[PDB]
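A.B. asks: Opening piece of the complex, as it sits:
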Amino acid sequence: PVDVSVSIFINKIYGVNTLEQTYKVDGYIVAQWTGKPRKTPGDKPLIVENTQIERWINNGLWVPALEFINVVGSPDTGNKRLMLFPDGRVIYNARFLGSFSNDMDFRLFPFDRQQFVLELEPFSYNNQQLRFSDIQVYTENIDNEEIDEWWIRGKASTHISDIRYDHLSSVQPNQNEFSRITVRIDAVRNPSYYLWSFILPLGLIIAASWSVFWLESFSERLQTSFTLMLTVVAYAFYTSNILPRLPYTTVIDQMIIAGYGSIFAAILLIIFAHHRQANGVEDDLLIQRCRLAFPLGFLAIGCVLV
C-alpha cells in the first residue's frame, strides 16, 4: 500500500511510423513518493548522478523501475537524479525517448483527431499504488501552428485506472491487480500538405476524362483512352512513394479504384460505338445522349463515400 505520486513532462512528440503504428516521445518522468526518513549529510538533501545510482542500489534503496506497455524495446535512460529528502520523500526524474506503439485508427486520413496514449505501470509491484497522476506539458507547441503537424492540440488529460491479471501470479486474492496510469493526449494533424497537392489532381482528372466522349474519330479517341489509362497508373505511382505506407488503402486512393472502373465502363461505350451492331464505328444518337451523364455521373461519387 505504498503511495506514489507521478508527474509527466512532455517535450516532443514526433516520428509517426504507421507500418509499426509507432511514434516517439520525449520528456521527463518524475516520481515523488515518501519512503523512509533517513539522514541527509550536511543540510541540503542528497543528490545522486547517473552512474552513482548504482552505488545506491547496492544498499537496496527501493527505486522502482517503471515500465511502459506501449513501448517496443527499451527507452534510453539518458540522465537521472535522486532528490533524496531527509523526510523520506524521493524525487526521481528521467529523460525518456522510447518508441511507443498504440492503435491509431484512420477513419479519415487527412483530418484525424488522433490520441497518443502514453501509459505507465509498475513492472513487478502489485498493490504499491500510484496515487496522484499529473500531466505537466509546458512547451509552447501551438504557436507554430502552420509548422507543427500534430501539435495543433487540445488539452492534456490524465487518468488513473486499474487492471487485474489472473493467469499471471499464483496468489489470486487482491495482490494480482496493477494500478495503471493511462495518460492520453490528443493531437490533430496539420492537413495543409495533405490536402493541397493530394486529392486536388485526383478529384478532377475524372473531370478531364469526359472529353473522350466528345470525339468522333477512333484515331483520336483511342489514344486519349490510352492516355487516361497511362495517367491514372502514373498517378498511383506518385502516391505511396511520399507517404508512410499502409496495409489498408487510404481514403484518397479509394478513388483510383473508380479512376479505373469509370474508364473501364467507358470502354463499354467506346466498343458500343465500335461494335454498333448495324454500322461501323460512328456514334449513334444514344451515344450523343450519354454526353451529359458521362461528366456528371462520376463527380457525384465523392459525396457518398466519406
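C.D. replies: Arrived safely. Residues are numbered from 1 along each chain as shown, chains lettered A, B, ... in the order given.
A.B. asks: and the gap between the residue minimising distance to the centre of chain A and residue A:39?
C.D. replies: By CA atoms, centre = their mean, chain A has its centre lying nearest to residue A:104, at 4.9 Å. Per CB to CB, to the nearest Å, residue A:104 is found 50 Å from residue A:39. Quick note: C-beta positions are derived from backbone N, CA and C, even for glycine.
A.B. asks: do residue A:114 as well
C.D. replies: Residue A:114 is 49 Å from residue A:39, by CB to CB.
A.B. asks: Those two: which has the busier surroundings?
C.D. replies: residue A:114 (19 against 7; other CB atoms under 10 Å).
A.B. asks: Could you verify that that one is part of a strand?
C.D. replies: Yes: under DSSP: H, G, I helix; E, B strand; the rest coil, residue A:114 sits within a strand.
A.B. asks: give me the beta-bridge partners of it?
C.D. replies: Here residue A:114 shows beta-bridge partners residue A:187, assigned using DSSP bridges.
A.B. asks: Settle this for me: it is touching residue A:154, isn't it.
C.D. replies: No: using CB atoms under 8 Å, residue A:114 makes no contact with residue A:154, being 11.2 Å away.
A.B. asks: Could you pull out the residues contacting both of those two?
C.D. replies: A:186, A:188 (CB atoms under 8 Å, 6 or more residues apart in numbering).
A.B. asks: which residues are in contact with the helix or strand containing residue A:239?
C.D. replies: According to DSSP states H and E, residue A:239 maps onto helix A:221-242. Outside helix A:221-242, the residues that touch it by CB under 8 Å, 6+ apart are A:201-202, A:205, A:209, A:211-212, A:215, A:252-253, A:256, A:259-260, A:263, A:266-267, A:270.
A.B. asks: can you tell me which of the residues you listed lies nearest to residue A:53?
C.D. replies: residue A:252 (49.9 Å; CB to CB).
A.B. asks: what are the ranges of the helices in the stretch 51-200 of chain A?
C.D. replies: A:53-56, A:193-196 (DSSP state H, counting those that start in this stretch).
A.B. asks: From the chain's centroid, how far away is stretch A:73-93?
C.D. replies: 30 Å (CA atoms, centre = their mean, to the nearest Å).
A.B. asks: Which strand or helix spans the closest residue to residue A:276 other than its chain neighbours?
C.D. replies: Take residue A:276 and drop its neighbours on the chain: the residue closest to it by CB to CB, 6 or more residues apart in numbering is residue A:284, 5.7 Å away. Under the criterion DSSP H and E, no helix or strand holds residue A:284.
A.B. asks: following sequence is chain B, place it on the structure:
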Amino acid sequence: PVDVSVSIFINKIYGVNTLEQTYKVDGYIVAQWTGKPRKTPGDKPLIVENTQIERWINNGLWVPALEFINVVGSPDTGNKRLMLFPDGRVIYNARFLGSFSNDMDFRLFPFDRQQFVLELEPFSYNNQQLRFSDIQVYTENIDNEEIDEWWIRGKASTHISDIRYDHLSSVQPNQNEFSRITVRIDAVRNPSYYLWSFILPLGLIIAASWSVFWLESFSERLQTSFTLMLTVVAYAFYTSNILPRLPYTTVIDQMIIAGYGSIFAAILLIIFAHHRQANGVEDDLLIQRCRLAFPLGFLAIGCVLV
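C.D. replies: With chain B added, the chains above now look like this:
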C-alpha cells in the same frame, strides 16, 4: 532431469522483412520451475530488479538463459524479475523484442495462411527438461479487423518436441538430446490494399490492349503499340517500389511476362499485315478473323496459373 514450466505472453507481431525472411515480436517469457527451497527474508518472497540480478549470479543461482534459434543476433533483455519463492519455485519473466527468422513460403501472395514459428531452447542444457508449455496470448487483436494486417488470426497452438544432436557433444548416450519448445502461431494477411490496387490495373490493361487490332492505319496502330509497350514497363516500374522485394517473382507479376509476350505475339500479326506477301499494309480477311481471339485468347490465362 530438472523440470521447467514455461509460459509465453505475446504482445505484438510486426515488421515482416522478406529479403531476410524476418519479423519482430514482442511479449514476455515466463519461466516457473522449482529449484531449491531457501529462506525469503521477511514474509513476502524475494524480488530482484534488472541490475540486481548480477548480484545473484555471483552466488551461482541457476538462472538458465534461454536462447532462440529463429533469432538473428540477440534480443534486448529490457526488464527482468525473479519471483523467488521460499519453496524453491522461481518465476522469471522478461520482455523480449528480437528479429526472428523462419521460412515463409509464398504459395499465393495476397491470400496466405502463414505460420510464425517462435521457439525456445536451452542453450547449454541437455536433459534439464522443459515439461509444461503454455501459450498465453491475451491482447485483443482481431477487433481492429480492417486495421491489423496479419492479426486476423486463428488460434494459439503450442507444442513440445524433442531434437537430438550427435556431432555436437562427446557424450553420445542420452545426454545430447535437447528438449525443444516450438510455439507456432498462424496469421492471415489483411488483403485489402494487396488486392484493391494491385492486380486491378493488371488483369484488364490486356483488356485495353485488343483495340489496336480494330485499327486500319499503321500510323495510328503503331503508336498505340508503342503505348502498349510503354505502359507495361511503367506498370512494372510501379510494382516493386512499394512492396517488400523478392528474389522470386510474385504471383502478381507472373503476368507482366504475359503483358510482354501477348503484345510480342501481336507484333507478329501487325507484321503479318505489314509483310502481307501479296499487297501492302492493309489487313487481309484473316486479320479480320482474329478479331475475336485477340481479346478473348489472353483473359483466359488468369484461371489456369493459380
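A.B. asks: With chain B now part of the structure, what is the answer for the contacts of helix A:221-242?
C.D. replies: With CB atoms under 8 Å, 6 or more residues apart in numbering or on different chains as the test, helix A:221-242 has contacts from A:201-202, A:205, A:209, A:211-212, A:215, A:252-253, A:256, A:259-260, A:263, A:266-267, A:270, B:197, B:201, B:205, B:208, B:211, B:215, B:220, B:223-224, B:227-228, B:230-231, B:234-235, B:237-238, B:241-242.
A.B. asks: In ChimeraX, how would I select the buried members of those residues?
C.D. replies: Per 16 or more other CB atoms under 10 Å in any protein chain shown, the buried members of the contacts of helix A:221-242 correspond to this ChimeraX selection:
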select /A:202,205,209,212,215,252,253,256,259,260,263,266,267,270 /B:197,201,205,208,211,215,220,224,227,228,231,235,238
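A.B. asks: returning to what we had before: does the residue nearest to the centre of chain A touch residue A:113 like I think?
C.D. replies: No: counting by CB under 8 Å, residue A:104 stays clear of residue A:113, with 11.0 Å between them.
A.B. asks: ok, now which ones touch residue A:9?
C.D. replies: Residue A:9 neighbours (CB under 8 Å, 6+ apart): A:27, A:28, A:29, A:30, A:93, A:136, A:137, A:138.
A.B. asks: Of these, just say which sits nearest to chain B.
C.D. replies: Distance to chain B, by CB to the nearest CB, is smallest for residue A:29 among those, at 15.2 Å.
A.B. asks: Name all residues that make contact with the closest residue to the closest one other than its chain neighbours.
C.D. replies: Leaving out its chain neighbours, the residue that sits closest to residue A:29 by CB to CB, 6 or more residues apart in numbering or on different chains is residue A:94, at 5.3 Å. Counting by CB under 8 Å, 6+ apart, residue A:94 touches A:28, A:29, A:77, A:78, A:79, A:80, A:81.
A.B. asks: Looking at these, which is nearest residue B:22?
C.D. replies: Distances from residue B:22 to the contacts of residue A:94, taken by CB to CB, are shortest for residue A:77, at 27.7 Å.
A.B. asks: which residues does that closest one contact?
C.D. replies: By CB under 8 Å, 6+ apart, the residues touching residue A:77 are A:94, A:95, A:96.
A.B. asks: Okay, and the beta partners of the first one?
C.D. replies: Residue A:94 forms beta bridges with residue A:29, residue A:80, as assigned by DSSP bridges.
A.B. asks: Run through the residues of the stretch 1-150 of chain A sitting next to chain B.
C.D. replies: Residues of the stretch 1-150 of chain A lying close to chain B (CB under 8 Å from any CB of the partner chain) are A:19-20, A:54, A:57-58, A:63, A:65, A:67, A:69, A:72-74, A:101, A:103, A:105, A:123-124.
A.B. asks: Put this one in as chain C:
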Amino acid sequence: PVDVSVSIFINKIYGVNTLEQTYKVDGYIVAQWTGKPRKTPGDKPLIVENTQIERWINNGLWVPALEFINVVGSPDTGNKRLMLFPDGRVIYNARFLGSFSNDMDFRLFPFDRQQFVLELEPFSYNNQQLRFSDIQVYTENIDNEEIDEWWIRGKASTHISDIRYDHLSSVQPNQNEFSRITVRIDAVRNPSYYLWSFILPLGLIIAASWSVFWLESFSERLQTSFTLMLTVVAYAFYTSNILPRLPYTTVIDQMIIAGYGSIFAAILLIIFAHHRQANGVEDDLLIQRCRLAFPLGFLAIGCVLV
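C.D. replies: Adding chain C to what we have so far:
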C-alpha cells in the same frame, strides 16, 4: 553560488532532417571552473582518461554532467579529460555528437537565414551559476563557399540568459531558477542546386501551356491539354523524392496548385469553344480575344505570393 566558465568548440554542423526538425553538430565543450585546491602528485597537474574518470566519481569529485534541451536522446561521450589543477581549477573537455532539435521556420525555402540554437543547462543544479560563456568556432568553413551548404555564415553570437521553473521543485524561494546558456549560431543555405533545377522548369511550363489556345482543331488541342495534365503530375512526381519531406508545402510547390487551377480554368475556355451555344466547336471571336490574357495572366502571379 559556484561559478562556471564554459567554452564551446564547433567542428561540424550537418545532416538537417526536417520531419524531426533535427540536425547534428560536432565539437568540444570545455568547462573551466574552480572547485577545491588539492595536491597534484609530481609537479604537472593531474590528467585522467576516459574510463579512469569512473575511479574519480567514487571519491565524489563534483563533475556536473551538462545536459542539452535541444537534444533527442543522449549524445555520445566519445572522449574525455580532467585537467585537474592544484589550485582547484578544473578543465573538462568532451567531444559531443548529438541529434539536436530546434524550431526552423521556412519563411522562404531556398533563401533562409536560419538559426541553429545550441544550448546548455545544468541538469540538477539550481544556483550554481554559469558565469562566463565563450563560443570558440575556429574551423575554416567559409573558404569552400560553393561546397558547404549551410556554412556560408555570419558571426558567432553567444548569450547567457535565465529561466525559472515553479512546478518543478518544492522550494520556491530563489533556488528553482536555472542559468541557461543559449549559444545561437546563424547559417545561410547555399542555394545553387535549390534554384538551378528547382523552379526553372516550374515557372515557364505555364509559359509553355498557352500554346493550346493558338490551336483550331479539337483533335490536336485535347491531346495537348492531356499532355499539360500529364506533365504537371510528372513534375509533382519529381519534386518530393529528392527533397527532405514536409508536412507543409514549400514555396516552390505553391504553384503546382496554380499549374492545376490555370489549366482547370483553361478547360472552361475549351468547353466554351465546344459548348459554344450557337455553333459547333470552332473558336468564336471572344476566344480569339483571350489570346493575350492566357499567356500573360498567369506569369504575373509569381510576383505577389512571395
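A.B. asks: ok so, going back, for the residue nearest to the centre of chain A, list the residues it contacts.
C.D. replies: A:16, A:18, A:21, A:114, A:115.
A.B. asks: ditto for residue A:45
C.D. replies: Contacts of residue A:45 by CB under 8 Å, 6+ apart are A:83, A:84, A:85, A:86.
A.B. asks: Same question for residue A:146.
C.D. replies: A:190, A:192, C:248.
A.B. asks: Same question for residue A:153.
C.D. replies: A:141, A:142, A:185, A:186, A:187, A:188.
A.B. asks: so the fifth one touches residue A:114, yeah?
C.D. replies: Yes: between residue A:187 and residue A:114 a contact is recorded at 5.6 Å, counting by CB under 8 Å.
A.B. asks: so what sits against both of the two?
C.D. replies: residue A:150.
A.B. asks: re earlier: let's have the contacts of residue A:153 in JSON lines, adding distance to residue B:48.
C.D. replies: Shown next, in JSON lines, are the contacts of residue A:153 (distance: CB to CB, whole Å):
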{"residue": "A:141", "distance to residue B:48": "41"}
{"residue": "A:142", "distance to residue B:48": "45"}
{"residue": "A:185", "distance to residue B:48": "34"}
{"residue": "A:186", "distance to residue B:48": "39"}
{"residue": "A:187", "distance to residue B:48": "39"}
{"residue": "A:188", "distance to residue B:48": "45"}
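A.B. asks: buried subset of the residues you listed?
C.D. replies: Buried among the contacts of residue A:153 (16+ other CB under 10 Å): A:141, A:185, A:187.
A.B. asks: Same list (the residues you listed) but as CSV, adding distance to residue A:10.
C.D. replies: CSV is the format used below for the buried ones among the contacts of residue A:153 (distance: CB to CB, whole Å):
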residue, distance to residue A:10
A:141, 9
A:185, 7
A:187, 11
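A.B. asks: for the residues you listed, which one is nearest chain B?
C.D. replies: Using CB to the nearest CB, the buried ones among the contacts of residue A:153 come closest to chain B at residue A:187, 18.5 Å.
A.B. asks: For the closest one, give its distance to chain C.
C.D. replies: The gap separating residue A:187 from chain C is 12 Å, by CB to the nearest CB, to the nearest Å.
A.B. asks: And residue A:1, by the same measure?
C.D. replies: Relative to chain C, and taking CB to the nearest CB, residue A:1 is found at 24 Å.
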